[PDB]
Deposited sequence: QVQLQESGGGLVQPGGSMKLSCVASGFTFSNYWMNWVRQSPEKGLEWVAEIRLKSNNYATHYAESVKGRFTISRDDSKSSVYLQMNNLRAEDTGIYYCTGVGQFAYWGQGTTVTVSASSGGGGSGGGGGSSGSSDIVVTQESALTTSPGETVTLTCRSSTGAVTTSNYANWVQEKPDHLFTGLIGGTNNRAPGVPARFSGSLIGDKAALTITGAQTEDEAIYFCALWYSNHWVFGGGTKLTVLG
């Protein structure tokens, strides 16, 4: 059981500052890049920032939405990643998660911050236990290829995220074999071969474009019967 655990969120005024923390355990933290991703009712999942290794001189990249306002950092001696947020805006409101590994296997429980290219997925699909269902993930730029390193992440109730697939078709460890990743008709695709009732969940894809991620809007999968 790898664990990630965010802290530092709260209820803040526009214009303010706050620093989030995330402590990791159960894997060799220093060997992996780390990301912040945030969730709002209004904008789904949004990738915020990444930080690479000590051998990359801890190189960082940011979403355009936070560039010049946020700073990501890490302390490998404390197995921790941080997000310094300056000039908070109402639109920064959301649940903030630290996530990484192949490429979004592990997520923390999130810390809530309240301030007061298009990737397309099916809005909803309906299946039943034992069926085969395929979800898809399209890029506005053109065909999805293995150079987009498609990931699939599952959201179960009260914001429990787990990475299922990374690098197009690599199943994260301990992920059930009924889940598989593919490229089909120039989209990325996630197939559940024999859906189970507990697979009722929201499924997000994320695509990589040279130096940043764009998350799709998510598919609500209902499993009836």
TODO: Give the ranges of the deposited sequence, numbered from 1, for which the structure holds no C-alpha coordinates, in sequence order.
DONE: 117-135
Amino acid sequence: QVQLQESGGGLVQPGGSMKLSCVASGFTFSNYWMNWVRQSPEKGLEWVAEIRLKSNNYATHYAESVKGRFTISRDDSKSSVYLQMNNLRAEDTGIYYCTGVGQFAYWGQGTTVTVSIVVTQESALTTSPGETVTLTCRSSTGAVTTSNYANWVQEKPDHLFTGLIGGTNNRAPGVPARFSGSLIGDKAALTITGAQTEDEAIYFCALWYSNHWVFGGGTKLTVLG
From here on, numbers count along this sequence of modelled residues.
Task: Missing coords for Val118 in a third or more of other PDB entries - done: no
- [ ] Tell me which of 4-12 and 214-222 has the higher mean C-alpha B-factor in the deposited entry.
- [x] 4-12
Open item on the list: Going by the mean C-alpha B-factor recorded in the entry, which is higher: 43-51 or 177-185?
Closed with: 43-51
Task: Per the PDB entry, maximal CA B factor within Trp33, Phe161, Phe27, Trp36 - done: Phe27
Task: Residue of maximum C-alpha B factor among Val153, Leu125, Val118, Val81, per deposited coordinates - done: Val118
TODO: Would you mind checking where the Cα B-factor of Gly142 ranks among the modelled residues of its chain, as the lowest, middle or highest third?
DONE: highest
Task: Entry-reported Cα temperature factor of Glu131, expressed as the chain third it lands in - done: lowest
Task: Cα B factor band for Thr193 (lowest, middle or highest third within the chain) - done: lowest
Task: Chain-wide C-alpha B factor ranking for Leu207, given as lowest, middle or highest third - done: lowest
Open item on the list: Taking only the Cα B-factors deposited for this chain, tell me whether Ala201 sits in the lowest, middle or highest third.
Closed with: lowest
